[PDB]
Amino acid sequence: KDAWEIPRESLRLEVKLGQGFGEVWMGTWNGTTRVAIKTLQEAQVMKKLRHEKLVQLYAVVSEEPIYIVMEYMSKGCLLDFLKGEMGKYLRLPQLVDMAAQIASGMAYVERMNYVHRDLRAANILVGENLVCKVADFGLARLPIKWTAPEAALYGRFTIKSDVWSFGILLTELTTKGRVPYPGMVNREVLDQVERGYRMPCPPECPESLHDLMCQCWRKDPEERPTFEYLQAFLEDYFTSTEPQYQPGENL
Ligand SMILES: */C(=C/C(=O)Nc1ccc2ncnc(Nc3cccc(Br)c3)c2c1)CN(C)C
């Protein structure tokens, strides 16, 4: 047992979040620390990754039943946030800033030579001040509406198939959380994307952002941009790219 190990007695499971691998609880730790607990690796893994825009591992419990203890994200998962009461007031500047934070977390993952494998809004967690962090490395190495064609078809998961999933996350953000390829079923999406079909410009989303999306969805993995490119572009967006941005009904 390594130094990430803790006694169960040091954890107070409190509220469910959190369904249903098992539950997800809000909690306390050594009486003093507000945490999140994943009941039954992602932890392992989350032991070797440390970044400000990745939800931080705190502790593990070997130890059936296995707990994973993590930084608590106060606003819950991004999909829910986007589609609930806040969705309505989020506008393009805030949505692009959130995208930049996810890019920043993913840039780190890229620097470390890892792959996420399940990058989408359901796996981004929000905290205070609209902070967004990459979560759920359950499949991190070492669902197909978000999965690049080469990866869904031939199991070639790479940082480049993550970029693809990032393009799809950009459509979730600009549409307030709508399921991608509206009206199409998994098999329809598979067939059409293989023919060269790509989602159109979301309504009110600028062409330059959709442009970025379309780059992320290049047929050719090695032609998709870096996450560090993505990060810098999204960070600098409202000066270098859309300096004449004016607010609209929805974006
Ligand atoms: C939407 C619900 C959701 O993700 N809720 C949620 C709220 C707050 C929170 N804080 C910390 N950690 C988690 N999740 C978590 C993920 C992986 C490991 C551990 Br430990 C905790 C969390 C989750 C999800 N729908 C699928 C959109």
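Counting starts at 1 for both ligands and their atoms, following the listed order. One-based numbering along the sequence shown. Below, all heavy atoms of this structure are taken into account, side chains as well, without hydrogens, waters or symmetry copies.
Those atoms of ligand 1 that come under 4.0 Å of a heavy atom in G76, given as number and element, are 7 (C), 8 (C). Proximity to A36 (heavy-atom distance under 4.0 Å) selects the following atoms of ligand 1: 10 (N), 11 (C), 12 (N), 20 (Br). Those atoms of ligand 1 with a heavy atom of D136 less than 4.0 angstrom away are 16 (C), 17 (C). If you number the atoms of ligand 1 from 1 as listed, the ones under 4.0 Å from a heavy atom of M70 come out as 18 (C), 19 (C), 20 (Br). Those atoms of ligand 1 with a heavy atom of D80 less than 4.0 angstrom away are 1 (C), 27 (C). Close approach of ligand 1 to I68 is summarised as follows: ligand atoms under 4.0 Å from at least one heavy atom of the residue are 20 (Br).
Minimum heavy-atom separation, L169 to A121: CG-N, 3.7 Å.
A donor-acceptor distance shorter than 3.5 angstrom exists from the side chain of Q94 to the backbone of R91, with no hydrogens or angles considered. Looking only at distances, a side-chain donor or acceptor of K133 sits under 3.5 Å from a matching main-chain atom of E52. A donor-acceptor pair is defined here as one N or O able to donate and one able to accept, closer than 3.5 Å; no such pair exists between the side chain of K83 and the backbone of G177.
Residue-level proximity to ligand 1 for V69 is absent, since no heavy atom of it falls below 4.0 angstrom. If you look at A135 next to ligand 1, there are no close heavy atoms at all, none under 4.0 Å.
A salt bridge links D136 with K38: the distance from a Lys NZ or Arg NE/NH1/NH2 to an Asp or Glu carboxylate oxygen falls below 4.0 Å.
Within the structure, the closest approach of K75 to ligand 1 does not fall below 4.0 Å when heavy atoms are considered. Using a non-hydrogen distance threshold of 4.0 Å, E71 registers as a contact of ligand 1.
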